[PDB]
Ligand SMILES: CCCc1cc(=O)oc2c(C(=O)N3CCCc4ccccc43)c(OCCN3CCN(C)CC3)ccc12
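The data below hold one chain only, encoded as structure tokens and taken in the form solved without the ligand.
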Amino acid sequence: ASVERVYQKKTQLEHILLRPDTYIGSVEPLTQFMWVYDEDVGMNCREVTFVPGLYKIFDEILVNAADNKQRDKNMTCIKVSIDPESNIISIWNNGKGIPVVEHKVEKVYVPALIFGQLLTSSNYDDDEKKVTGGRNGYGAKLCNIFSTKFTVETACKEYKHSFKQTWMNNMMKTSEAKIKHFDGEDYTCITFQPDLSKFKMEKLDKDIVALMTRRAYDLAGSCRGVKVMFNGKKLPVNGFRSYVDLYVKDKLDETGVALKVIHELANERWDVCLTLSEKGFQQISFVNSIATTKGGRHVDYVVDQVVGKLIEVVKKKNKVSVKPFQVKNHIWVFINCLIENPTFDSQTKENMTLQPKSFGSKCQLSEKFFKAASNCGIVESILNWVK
């Protein structure tokens, strides 16, 4: 093999298709137990087989819609549609659209720049301490690259125009955008057909649809002041506590006693629920409406407070050694938080790495909350083990 065959340089676009994993996660199937929202049973935990990268390209567009609530606090609604037969997914939001105007430096329409060129973002100036989920300038282009058809429609009264442009064939083909006069209520709608061949799939099957549906429920629970519709029907979740109820309101512990679920909205940026776990530590958490399914420093920040206080309570009835991991083993925690300029080790944003001193706010749980935590069965499980 020649020097030129061995030592190769790739373009950014080539690298995404060759090495999709650090951009969207695995493009091969994964089977694991997890929470989904099924047509027959609603929220449930079961074995699911799905391709992470396909789930992620949907997530990128969904979080972008949630992020618009930061650009326009008057936004009220996100509508999600999934049609497996046609292979069409659409995510629509109201509030301010995207300026339909030529960017004077890049010499293209703003929506064409930020959906059709890599490393483009309104989130690159960190002197603004934003609580958007978007950080890197990739997500929407990644969905485009992994779609056979990707359409951006946006309407922005301030700039008096609407914009519609369609890309095809993994962002490699497009045509002139349709620009029209507009003076109505702003919106953005992203409609895409995922390139299932990139994920070795024949169709959007029940498992991936159940995961994408649950993500819409997550959004209804995490994005304050935004109602969510799925396939034309409003989701009956009106805040984080009602979302948490989907997991624990109808559940018993192993002794047949209903789970005691405690809750505190510490402040606008920190909403916490907690109950007993009997299958090891569990956490369901959101940072800026991103599902941080591998946790991060926000989870540790909340959990460490609870663990410290519960160790205190146990000690007052111990008289041998109760270690923090043993307490954490009995905790099921739910967190919805807003973090300024969060960091993650991956574009997938499953683990949030920013240290608490940089969050821009604190979550100092009240003594009332800690007392309630001492009554939800965790202490009893530990003390029974101190025998």
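One-based numbering along the sequence shown. Under this definition, the rigid core comprises the largest set of C-alpha atoms superposing within 1.5 Å between the forms.
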Stretch departing more from the displayed form, 245 to 253 or 189 to 197, Cα RMS in 6 other deposited structures of this protein (core fit) = 245 to 253
key: Stretch with greater C-alpha deviation in 6 other deposited structures of this protein, 274 to 282 versus 93 to 101 (rigid core superposition)   = 274 to 282
Residue 140 left out of the model in a third or more of other PDB entries = no
key: Entries skipping residue 320: at least a third of other ones   = yes
remark   = Deposited residues missing from the model between residue 357 and residue 358 number none
task = Check the entry's C-alpha temperature factors for 257 to 265 and 139 to 147, then say which stretch has the higher mean.
result = 257 to 265
Which of 360 to 368 and 13 to 21 has higher mean CA B factor, as the PDB entry lists it = 360 to 368
Out of 188, 166, 86, 275, residue topping the C-alpha B-factor column of the entry = 86
ask   = Of the options 72, 271, 300, 202, which has the highest CA B factor as deposited?
value = 202
task = Could you look up the Cα B-factor of residue 353 in the entry and say which third of the chain it sits in: lowest, middle or highest?
result = lowest
inquiry  = Taking only the Cα B-factors deposited for this chain, tell me whether residue 44 sits in the lowest, middle or highest third.
reply    = middle
request  = Going by the recorded CA B-factors, say which third of the chain residue 308 sits in, lowest, middle or highest.
outcome  = highest
note = Here the Cα B-factor of residue 344, set against its chain, lands in the third termed lowest
note = residue 54: C-alpha B-factor third of its chain, per the entry, is the lowest
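Same protein, other form: the form deposited with the ligand bound, not shown, and the subject of what follows.
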task = Spell out, yes or no, whether the shortest heavy atom distance between residue 292 and the ligand in the deposited complex is within 4.5 Å.
result = yes
inquiry  = Against the ligand in the deposited complex, would residue 199 count as a contact residue? Criterion: heavy atoms within 4.5 Å.
reply    = no
query = Taking 4.5 angstroms as the cut-off for heavy atoms, does residue 192 touch the ligand in the deposited complex?
reply = no
ask   = Does residue 218 make contact with the ligand in the deposited complex, using a 4.5 Å heavy atom cut-off?
value = yes
query = Any idea which of 239 to 247, 158 to 166, 309 to 317, 225 to 233 reaches within 4.5 Å of the ligand in the deposited complex, heavy atoms considered?
reply = 239 to 247
task = Find the only residue in 282, 87, 81, 170 having a heavy atom within 4.5 Å of the ligand in the deposited complex.
result = 282
task = Would you give me the residues of 41 to 63 that have any heavy atom within 4.5 Å of the ligand in the deposited complex, in order from first to last?
result = 45, 50, 52, 55
